[PDB]
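This structure is in structure tokens; I'll ask about it shortly.
Residue numbering begins at 1 within each chain, and the chains themselves are lettered A, B, C, D, E, F and G in the order written.
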Amino acid sequence: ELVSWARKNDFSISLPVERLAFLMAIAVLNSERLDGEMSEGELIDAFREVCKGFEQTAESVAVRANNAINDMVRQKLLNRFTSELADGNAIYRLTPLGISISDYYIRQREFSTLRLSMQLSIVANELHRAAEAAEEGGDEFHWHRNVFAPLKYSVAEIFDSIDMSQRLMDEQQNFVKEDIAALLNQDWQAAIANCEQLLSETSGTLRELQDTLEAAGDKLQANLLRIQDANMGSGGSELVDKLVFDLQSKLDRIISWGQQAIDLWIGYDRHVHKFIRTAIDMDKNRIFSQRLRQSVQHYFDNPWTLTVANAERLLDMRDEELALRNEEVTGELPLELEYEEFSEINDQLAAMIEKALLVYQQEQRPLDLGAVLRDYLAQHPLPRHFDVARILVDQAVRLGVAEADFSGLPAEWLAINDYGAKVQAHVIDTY
Amino acid sequence: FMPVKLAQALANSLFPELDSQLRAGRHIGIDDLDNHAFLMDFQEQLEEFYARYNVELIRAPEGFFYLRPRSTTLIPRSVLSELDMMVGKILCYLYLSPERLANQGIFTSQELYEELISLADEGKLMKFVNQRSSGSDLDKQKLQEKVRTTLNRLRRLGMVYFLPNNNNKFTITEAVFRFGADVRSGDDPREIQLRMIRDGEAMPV
Amino acid sequence: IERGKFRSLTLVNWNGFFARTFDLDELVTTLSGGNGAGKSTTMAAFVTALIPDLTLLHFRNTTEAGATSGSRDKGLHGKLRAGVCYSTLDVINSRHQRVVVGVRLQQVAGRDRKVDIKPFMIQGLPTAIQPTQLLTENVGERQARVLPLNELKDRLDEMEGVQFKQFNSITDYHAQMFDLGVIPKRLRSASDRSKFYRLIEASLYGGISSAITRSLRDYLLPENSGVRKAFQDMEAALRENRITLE
Amino acid sequence: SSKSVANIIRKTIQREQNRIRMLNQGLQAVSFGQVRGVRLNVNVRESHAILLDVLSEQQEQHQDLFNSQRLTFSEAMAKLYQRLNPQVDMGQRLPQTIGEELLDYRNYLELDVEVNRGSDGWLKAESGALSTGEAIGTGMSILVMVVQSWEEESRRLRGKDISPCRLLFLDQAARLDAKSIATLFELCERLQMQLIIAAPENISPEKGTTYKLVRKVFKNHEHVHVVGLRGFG
Amino acid sequence: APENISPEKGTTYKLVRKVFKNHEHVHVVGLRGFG
Amino acid sequence: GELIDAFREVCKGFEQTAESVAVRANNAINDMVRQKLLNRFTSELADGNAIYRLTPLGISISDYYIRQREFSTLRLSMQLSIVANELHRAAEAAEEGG
Amino acid sequence: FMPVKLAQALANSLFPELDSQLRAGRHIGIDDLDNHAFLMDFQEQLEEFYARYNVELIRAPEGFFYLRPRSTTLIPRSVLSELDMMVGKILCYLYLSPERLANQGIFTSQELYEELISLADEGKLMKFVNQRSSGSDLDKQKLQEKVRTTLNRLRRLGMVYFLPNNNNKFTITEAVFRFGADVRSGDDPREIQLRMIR
């Protein structure tokens, strides 16, 4: 569904080295700007400076600058505002996308765990305040202004900022991985100590981050459970449930990643670890690498193939492949499916009898099983009579009970047909 | 009857995996672990033990071991193909190349083919998959499938292991360094090849 | 939106069932019968068609469970007769596409009670073609034969438009079923299949009876290997401690 | 290592508790008999909480048991579980097996169902106190909650043009009462859910399609005759 | 038996539990002479 | 294993098939990773034996459009309240002059 | 530690070649006097030694020793192809009673070729060479080459002993009964072996 949403939206963000450079330059100028406003007269000069320091001249400065600014504006990187008085008669501003790109690199990637600590403190305070207010349980408007508007946006923003810190740790662990790789490329053997130190400090950073996360998650989970308990203080608080719902997983998710990263890192470390004793200790001087490359480039001139004892691994009798039970089976194909009204062989007459006894129920009429059985069985032959009697009894007895049963006087075996059939029954009286 | 350490090694629970898979042409490395993790402990004992079958467990300066049968080998001999050595050398470069360490040893057949075609010559290479090929993309696909099949056969012979859930992704043994037998030293590749055939390690096909 | 619907279930050469077809209701289909009427056999045949993973299938019935219901063979081999047999389901997709999924089962030879299972699927089959007729050939007077997979492929290929596919793996079977909106979850992993089978087998038994309460933990709580690795680390440390002590 | 095992077990238990209390939400007021609502309760079992505490903080204090060459690791765990919390003392099922069970974190949790039975409030849905149809409805509710989660998760991947087929089972439907069966039917159709239900007696005559099966012995083999049924008598 | 076996022969007693005036009760209709 | 399916769904709803789904998905994921949009983490147990995560750049691009963009001025009001409180607290502490 | 007698057996100077042939898959019948006697003496230990490879050292009722690979065989298995299976049954059928009236234990590739062509169905012969072929001389030559290849493959397994010349004449060892059905008292070898070949 969102696929067509995007398809018909039609959007795109991209950045050559010169364009991305111009972007950081505009961002820095804005950070230096008196009123944050950027006139096109300054954009043109910034573009000229960046191209100058990049030393390319395809066409005039004006045309290239025009194309670049138009590209970033259309790429949802700049917002343009016509203003006749402005220098160049226009003003420009960074769009949020451009802001998030410029800051991703420039704004300090504050991996410092103290940022995490202060964020956790803020989250604990705000979460306790919101849980307290939810427990206060004001009216619907108070419920909203205390548990959706402050809670929703505040907790969302700070969860996203905590995840931003996690993502900064992610980018930093990636960075140290590529840096270890590159350092191995330049120092080879001499990089072992540096790589090991980097692994140690990264492990320490991850451990401290995990400790900082676990330091508040449990209590924050208790706070969320408190909010869940309080949420039943108003029926319309279903939306709050969704937040009370969602924020739990996010929290767990954070904690999950808090551990997962280490689980990955400690694994990756071992790979790096093994690498040092599986790549360099055997290629201390790196000569094997270049010689292998050259031999690959020129293999056929040294035509050789390795000799092994691989003549036979273990030759053996072949299986009795796919030999299965079978008989070319045949069978009497089912005919047209017959139908019967739920064992109508008994249930037509079950309906008949349940009606003929529902009458006794409806009039609360005393029911003598002996007399009713005797009157009834005459309608059916002897071999069916037993099948009849059960069906009748299973109906008659459910209707009330016999009062004489509690008089202490046993009922007699009244005959109900020929051939000797008998029934012991007190007259049903109490329905 | 036997030295204490050799009987110890033969008594190790891992020993049967080692012996059997080495007889089956599998080779020793970081992967193929069950045949390596303790053979590092008894390399000399296993070598002198294997000499009885007129075969040698050979270690280069690299940490990998692999089996080589003599001319009088009791276990019969066989060899691999050129494309097998090719994929093997590419795998060895991957194993050594620290740049792909972030791969953590896991690599995909497409990465392997990309690296192979980048380092090697496409047409002169393809001459051997099919003699008549002259740059037909059908022969290029044939070569890619042959690379896949050679990777499978190398898996059978202890150079690579498919992941339990993925036959397209794989992890590499240090036995891959076997393929660098002509580059494990600074001497000429041809004279080293002569020393391998002398030690029966390699022969031209 | 019109949710897809199961139409009918065909059990061929099953224990007590030769070519039976039950037309499934849109909402509720009911089976009745006294002792040993074989209802559990029908449910087992359906679920086997749905999840042909022989390992997961282990049908202790809801009541009178265990082997005596005919399940020392996991309730598959002995619940079948000898030879070729079928379990097939027609489904009308929410896109309103008829598709007959199915599995060919065969009793494996020897004293063993294993079953050879082969998944397959058919699309474009005319709505009129009943699977019972499709899966059987009328040989002899009024006592039709059942035809193996190769004959079924021949017969279907001889029919225009219909496309018959066999899955080398149950994973692609379920992937195709899901792509046709037959499965709510993409059982990409055998674990997904395991939890799916847990849910269907619990529903089969129904309620919080002893088995359901016992396995509720498995049904709801996923397995975690972290606990296992931690326990194994403890075990290794304990072993090495004992070694040092001695 | 013992402290780490205890910590990871506790973290897993807490995460699962959060997840289950999470999944509990989103339940409509089912009307199975007197049961007017369903909910899931997850808690740590005290017998295993004490064991976890001993492992985390008092591992060394029973190292004598652990270094016992006579005891395997699972047997050592079982014997420790016998020492503390001796009301669970049990050795007829082998200590190895009970220790192995103890090597499952999930067992450590009590995982039960509460039902809003009438106006009595949420009561533990014990089978000895609930009408069996009510218990069957509770189990069906749990199953449908699970499958609802399954469908909702895959909602993104699947195009809305397809609404996935829904089909569950229920053997021995004769356990249920008419109220429970009607509540099951209304819930299933509200959820566009298909059902296959079995009972000795036809407990669903007025709803859905119905078949009856009869098994006959014939020349040393068996046949099943299937007969249709129709909505009256 | 729970009535799922109840053959023709012998004194067949129909036990049906009911509450009579709050007293737990089981009414018993007898049948015989059949078969 | 989920990224591949998501790519398949988006291309399906875009209806383009230059090559196999696998190759195109591989190229796309590699492009975003190299373009500092995704972070990859090898994990043999994971489905497809790998895991992926959004990088902060990708986060800032995705949220630029899909965040509520909360133009609601109440967000501004609560932010102003927070700023006033924090600024007074910091000015107070500076006046304390430790 | 290791059982002392197992150490004695494995240190035995006959251990290397016997072990190598066993890894190959070659059977050891009564004809291999030294190998057979060594196996009889040290079976109690060699069975454990090979089961450590998850391979069973089975002495057949015929007395010949061979390595039965389990499913978990630590020595990855190779198997006798379909043509190998039917040529092996034809070899047993060339070793059973009737051959005494025709070849007296010394057979030639012509005998096996004729028996294969006359007894085996044309359908399976085409399956061996190709389904589209039909009796052509070139297809017969390919089938004969495959017959020679499988004959040598059986030779590697000690199931056929070649007469020492390039000519393809040979004798068949008792171990060939692994191909054929187990003989019962009163059963016609021809009938059972033909039923299995059919």
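Heads up, the rule we're going with is that a contact is a pair of C-beta atoms (placed from the backbone, for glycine too) under 8 Å apart; a residue touches a chain by one contact, two chains touch by 3 or more.
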| item | value |
| --- | --- |
| Fewest touching-chain hops separating chain A from chain D | 1 |
| Length of the line joining the C-alpha centres of chain B and chain G, rounded to whole Å | 32 |
| Cα-centroid distance, chain E relative to chain F, in whole angstrom | 73 |
| Distance from chain F to chain C - Cα centre to Cα centre, in angstrom | 41 |
| Chain C and chain D: spacing of chain centres that average the CA atoms, whole Å | 22 |
| Two or more partner chains touched - positions in chain D | 157, 159-160, 200, 202, 210, 212, 223, 226, 229 |
| Residues of chain F touching at least two other chains | 5, 9, 13, 42, 47 |
| Where chain B touches two or more other chains, by residue | 23-24, 73, 75-76, 102, 104, 156, 165 |
| Full enumeration of touching chain pairs | A-B, A-C, A-D, A-E, A-F, A-G, B-F, B-G, C-D, C-F, D-F |
| Interfacial residue positions of chain A with respect to chain G in the complex | 311-319 |
| Chain B residues within the chain F interface of the complex | 102-104, 106, 110, 163-166, 169 |
| List of chain B residues in touch with chain A within their complex | 23-25, 27, 30, 55, 61-63, 66-69, 73, 75-82, 84-86, 89-90, 92-93, 95-99, 101-102, 104-105, 119-120, 124, 156-157, 174, 177-184, 186, 189-190, 193, 196-197, 200-205 |
| Touching residues (chain side chain D, partner chain F) in the complex | 156-157, 159 |
| Complex contact set, residues of chain A against chain C | 263, 320, 322-334 |
